[PDB]
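A single chain comes next, written as structure tokens; it is the form deposited in one PDB entry.
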């Protein structure tokens, strides 16, 4: 059950917000900063530490956090609690010991991620988004490979932290505008449809092994240019038909017009027929112990 924590408890768990406990990607001075910790009950946790002045009203911070804390699903790294003592604003979530999609996808050492695993990530994250939407949290902020985490069983999960903005005014987003939906600059707001656009960018990341701005992915996607768009590391692992189908899905998600993008249920239905090696454990497919 979602609960409150004291700041002393969280400082103890994180060894005083020690810099080497940072597990997020932007270092100590960023709008998004996350620390690993360990509670006295031996539970490992992830602690997002919001910047000063980001959520100045404790009541509105607590109410958002509580709302997110109602969500409980096995495709999410779930929200366990919050802290709002002494001007701090913290979210406490389940710790994900097998690190991020970005690590495995962009910074692989032994070999590139398998096709079947990339498809499993895409499906499970779509399912997570469908779940969030069903529980009234249809907005997700800065969806990218750093928000996809792998649990103890190496299963991919969506970080709960993105269900809240980095700041109450929404101006502390991390996403470079090259990757934001076209309507976001105009409106300054995330909508359910803009989340789908961001899912498109995740699909492009998975297909390519690269972080390619959608505008650049444009002619490549038009030409279904497998050589240019697809990760060379995948060669041999997928049929041209299946690769093309995932490209087409990404195209749908990246449509300029928000109303033309698929809804979360359509993402799931499009992803299911493409799944491979369903009977193989994520530990094995991902190549982690």
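Numbering follows the first chain given and starts at 1. Only residues modelled in both forms are compared. Basically, rigid core = biggest C-alpha set you can superpose within 1.5 Å across the two forms.
The next section is about a form of this same protein that is not shown, the form solved in complex with a small molecule.
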The small molecule: the contacting residue among 184, 84, 95, 131 in the deposited bound form [heavy atom, 4.5 Å]: 95
Heavy atom within 4.5 Å of the small molecule in the deposited bound form - the one residue of 100, 127, 208, 155 that qualifies: 100
Contact test, all of 77, 159 and 166, partner the small molecule in the deposited bound form, heavy atom 4.5 Å: yes
Partner contact for residue 46 in the deposited bound form: the small molecule, 4.5 angstroms, heavy atom: yes
The small molecule contact at residue 149 in the deposited bound form, heavy atom, 4.5 Å: yes
Partner proximity in the deposited bound form: residue 14 to the small molecule, non-hydrogen atom cutoff 4.5 Å: no
Heavy atom of residue 220 within 4.5 Å of the small molecule in the deposited bound form: no
In the deposited bound form, segment of 247 to 255, 59 to 67, 225 to 233, 46 to 54 with a heavy atom within 4.5 Å of the small molecule: 46 to 54
Of 182, 192, 97, 170, the one whose Cα moves 2 Å or more between the shown form and the other one after core superposition: 170
Core-superposed comparison between the shown form and the other one, residue 225 Cα displacement 2 Å or beyond: yes
Flag for residue 31, CA shift 2 Å or larger between the shown form and the other one after aligning core: yes
Outcome for the Cα pair residue 172, residue 200 in the deposited bound form, compared with this form (closer or farther; change of 3 Å or more): closer
Sense of CA distance change between residue 172 and residue 201 in the deposited bound form, threshold 3 Å: closer
Mobile segments between the shown form and the other one - rigid core superposition, Cα shift of 2 Å or more, 3+ residues: 25 to 27, 29 to 32, 170 to 174, 223 to 226
